[PDB]
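**Student:** structure for the following, please:
(chains A and B)
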Amino acid sequence: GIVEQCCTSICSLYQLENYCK
Amino acid sequence: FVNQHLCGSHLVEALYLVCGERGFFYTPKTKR
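**Tutor:** Numbers count the residues shown, from 1 in each chain, chains lettered A, B, ... in the order given. Below is the structure in question.
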């Protein structure tokens, strides 16, 4: 999940757009 | 733009900018 993935590695706006509603 | 670490509150700050505070849910870990 992005909440761990973006802590443990570099994040992306493409990957974050999946969590918006 | 450039790719960077965003742990905890930093992820929420980016969802805030991406979505415009509209209604995200980051699925925070439920384990103790």
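
**Student:** just give the number of residues close to residue B:27.
**Tutor:** Per other C-beta atoms under 10 Å in any protein chain shown, the neighbour tally for residue B:27 reads 10. The way it works is simple: take the backbone N, C-alpha and C, and place the C-beta from them, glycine included.

**Student:** can you give me the helices in the chain?
**Tutor:** As the question left the chain open, I've gone with chain A. A:2-8, A:13-16 (DSSP state H).

**Student:** ah, no, chain B please
**Tutor:** Under DSSP H, chain B gives helices at B:9-19.

**Student:** up against chain A, what does it have?
**Tutor:** Residues of chain B lying close to chain A by C-beta under 8 Å from any C-beta of the partner chain are B:1, B:3-8, B:10-11, B:14-15, B:18-19, B:22-29.

**Student:** repeat the analysis, applying 10 Å as the threshold.
**Tutor:** B:1-8, B:10-12, B:14-29 (C-beta under 10 Å from any C-beta of the partner chain).

**Student:** rewinding a little: reformat the helices of chain A as JSON lines; add mean neighbour count.
**Tutor:** What follows is the helices of chain A, written out as JSON lines (neighbours: other C-beta atoms under 10 Å in any protein chain shown):
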{"stretch": "helix A:2-8", "mean neighbour count": "16"}
{"stretch": "helix A:13-16", "mean neighbour count": "14"}
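
**Student:** out of the ones you listed, which gets nearest to chain B?
**Tutor:** helix A:2-8 (3.6 Å; C-beta to the nearest C-beta).

**Student:** residues in contact with residue 3?
**Tutor:** All of this is about chain A. Neighbouring residues of residue A:3 by C-beta atoms under 10 Å, 6 or more residues apart in numbering or on different chains: A:19, B:6-8, B:11-12, B:15, B:26-29.

**Student:** wait, chain B was what I had in mind.
**Tutor:** Residue B:3 makes contact with A:6, A:9-13, A:15, according to C-beta under 10 Å, 6+ apart.

**Student:** same for chain B: which of these are within range?
**Tutor:** The subset of the contacts of residue B:3 within reach of chain B, by C-beta under 10 Å from any C-beta, is A:6, A:9-13, A:15.
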